[PDB]
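Next up: just one chain, as structure tokens, the form deposited without the DNA.
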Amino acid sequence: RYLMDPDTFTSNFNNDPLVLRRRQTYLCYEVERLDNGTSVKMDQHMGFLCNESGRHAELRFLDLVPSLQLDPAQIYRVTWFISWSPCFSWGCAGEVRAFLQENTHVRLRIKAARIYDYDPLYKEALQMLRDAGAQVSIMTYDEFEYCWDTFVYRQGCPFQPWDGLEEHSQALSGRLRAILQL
């Protein structure tokens, strides 16, 4: 499988509000099948995506779900490690909602590096995802390092954190939890 350039990862998954990266999203994904509380990790179905020519990464993920040949009689958990929380105003939250309503064999876990509050309706996007059944949280050091180790062409080099990672993660987490309080 194809591993991401390290500079692409660091520039995009950074959670420092002073680092600008509003033009692009990277979305790393994995899939597991849930068999009576037992997890079947399906490494054949892992990868990453970015926005391309006006189509947001999230919709590009939905586009490839058919190619995963999921068995609708089974249950799968999709996990997204996404550099921005999904938008509302350009359709991602609504498409994910509609996808999950039609594909009840899929559960979705979303771990976001930053909140995409450039969208005036970003709170509505987060709440729509929650209420469609998606579990939304903010990426922590643990998840940043996991993504580095899993999706990045790192050549054995360890994850090197940017300054303030933990502080920014906790601040975003407080914001997200207040938005999703329920």
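Numbering starts at 1 and runs along the sequence shown. The term rigid core refers to the maximal set of C-alpha atoms that superpose within 1.5 Å between the two forms.
Is 12-20 or 170-178 the stretch whose C-alphas end up farther from this model in 4 other deposited structures of this protein after a rigid core fit?
Larger mean C-alpha displacement, comparing 12-20 and 170-178 in 4 other deposited structures of this protein, is found in 12-20.
So which moves more in 4 other deposited structures of this protein by CA, 101-109 or 86-94, given a superposition on the core?
Larger mean C-alpha displacement, comparing 101-109 and 86-94 in 4 other deposited structures of this protein, is found in 86-94.
On average, are the C-alpha B-factors higher in 43-51 or in 23-31?
The stretch with the larger average C-alpha B-factor is 43-51.
Would 117-125 or 32-40 have the larger average of its C-alpha temperature factors, as given in the entry?
Higher of the two, by average CA B-factor, is 32-40.
Highest Cα B-factor in the PDB entry belongs to which of 100, 93, 110, 75?
Top of the list by C-alpha B-factor: 75.
When you compare the CA B-factors of 68, 136, 59, 139 as listed in the entry, which one comes out on top?
In this record, 68 carries the highest C-alpha B-factor of the candidates.
Going by the entry, which third of its chain does the Cα temperature factor of residue 10 land in?
Top third by C-alpha B-factor.
Sort the modelled residues of this chain by their C-alpha B factor and say whether residue 147 lands in the lowest, middle or highest third.
Lowest third.
When the deposited Cα B-factors of this chain's modelled residues are ordered and cut into thirds, is residue 85 in the lowest, the middle or the highest one?
Bottom third by C-alpha B-factor.
Would you check the entry's CA temperature factor for residue 169 and let me know if it's in the chain's lowest, middle or highest third?
Lowest third, going by the recorded CA B-factors of the chain.
From this point on, the text means the form solved in complex with the DNA, which you will not see here.
Decide yes or no: are 108, 140 and 143 jointly within 4.5 Å of the DNA in the deposited bound form, with each residue judged by its heavy atoms?
The answer is no: none of the three residues contacts the partner (heavy atom, 4.5 Å cut-off).
For the interface check, one of 117-125, 132-140, 34-42, 152-160 should have non-hydrogen atoms within 4.5 Å of the DNA in the deposited bound form; which one?
Only one stretch qualifies here: 117-125.
So in the deposited bound form, does any heavy atom of residue 87 sit within 4.5 Å of the DNA?
Residue 87: contacts the DNA in the deposited bound form.
With a cut-off of 4.5 Å between heavy atoms, is residue 28 one of the residues that contacts the DNA in the deposited bound form?
Answer no; every heavy atom of residue 28 is more than 4.5 Å from the DNA in the deposited bound form.
Taking heavy atoms and a 4.5 Å cut-off, does residue 113 contact the DNA in the deposited bound form?
Because no heavy atom of residue 113 falls inside 4.5 Å of the DNA in the deposited bound form, the answer is no.
Within 4.5 Å of the DNA in the deposited bound form, counting any non-hydrogen atom, which residues from 36-57 show up?
Going through 36-57 in order - heavy atoms within 4.5 Å of the DNA in the deposited bound form - the hits are 51, 56, 57.
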